[PDB]
């Protein structure tokens, strides 16, 4: 941990090579075009710029425009803000009926997220069957962590929850560790100890400023194609005017537009299921039955306690990890207006005093759905997304196990001081919303199904093995890759930003190696 970042201002030095997409002088030929300035896309673009000319295209603006994205204290504010089409949080509702969000800003979801930083489960690499260069993976985690990851200071509520997880049997005690391993630990954070948010945009500072250009408010609406090869993109600016840019020689287009954005853009560009695209009168460039298939959202289930004495607000740093459930708790100020998707519907009761949100995440999940187009032409119209929560009975069984463990946690001496009534039972807590039921699995199953929310860690839609090869290339198409959370059908860990930050640079290094 010698290499971890320290407290420091958010580093916006990279703004010297950030330009409005209205600037037609950005149009032309590049070695690489990266679509989506997010978690994977920023480190990918910075890495390729070490040697080659890169254009990074991001549909959102710069985070300085929304200062509440730059502090831990601003987390709920960004979700509370109405979506006017320009804000950093884009609201959506899955076809299941569960409210959700994605980012629309340079730095992507790292600019709006809950800051938790973890390295992938070390079993993940061999589970994928990809021939990873594991030494390089680790160097790459260190390259991310040196810029934006701290060892968190003590926070009273996170310490209470960690003592509770240990008492409840979530063993062993791993102390401070970046690694996804069974037991209870303090993990890293991308909020520093002064509350400053650090994010993927800062990895642009590691790019070569002579080689990297970033266009913001660049809405990429189509991949252009030629042996079938990607050659370029069409993007529009904030005034609505169109622009073109191309790759040259042995260069490549990489889509880093997220679980939602990547499949949407491939489908709009004619890459996807042949009879589906034909149904819409979209000319098929490359038939692939899996584009926008195998889309996953790990369920979040939770209870809320209202202690009779105020608790200190925290960011999540203490994790209770089992193979079948990953648990945390956030302590928060009350909410005067709903932070969209924090609770899964807009009619949920809001807390009027300090509260602990006590959470369990289902691994995998095994349930999957799809991204499909709403508009056959307009990339600014959100696609349809369905997750099919709890369609797979294993997911439901694992939520029941997680909920029973949350019962154990509420029964600890660690949590006893936060009860309203000093009675023997967990009914001595005051709850916001639905409490845990009791004994028989059926009451737990109903609880899991009825009270599900998004964990916000959705993934899939452009999977390795379905849409991509083991080098992240789109099968059948030259000079086209995908690097972002669309690429895997299971989580790398409880909190995947660390993995997708690493993956952007790692695939960049693989591209530069493959090319030399």
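Numbering follows the first chain given and starts at 1.
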As the entry stands, the deposited residues without coordinates between residue 437 and residue 438 add up to 1 to 3
Per the record, the count of deposited residues between residue 226 and residue 227 that have no coordinates is 4 to 9
Avg C-alpha B-factor, entry values, 98-106 vs 150-158, higher side is 150-158
Of 419-427 and 214-222, the stretch with the higher mean C-alpha B-factor in the deposited entry is 419-427
Most elevated Cα B-factor in the entry, residues 297, 145, 131, 202: 131
Hey, out of 192, 173, 252, 237, whose CA B-factor is highest in the deposited coordinates? 173
Within this chain, which third does the Cα B-factor at residue 463 fall in: lowest, middle or highest? lowest
Can you tell me which third, lowest, middle or highest, the CA B-factor of residue 51 falls into for its chain? highest
Tell me, lowest, middle or highest third: where does the Cα B factor of residue 9 rank within its chain? highest
Considering every modelled residue of the chain and its Cα B-factor in the PDB entry, is residue 90 in the lowest, middle or highest third? lowest
Among the chain's modelled residues, which third holds the C-alpha B-factor of residue 309? highest
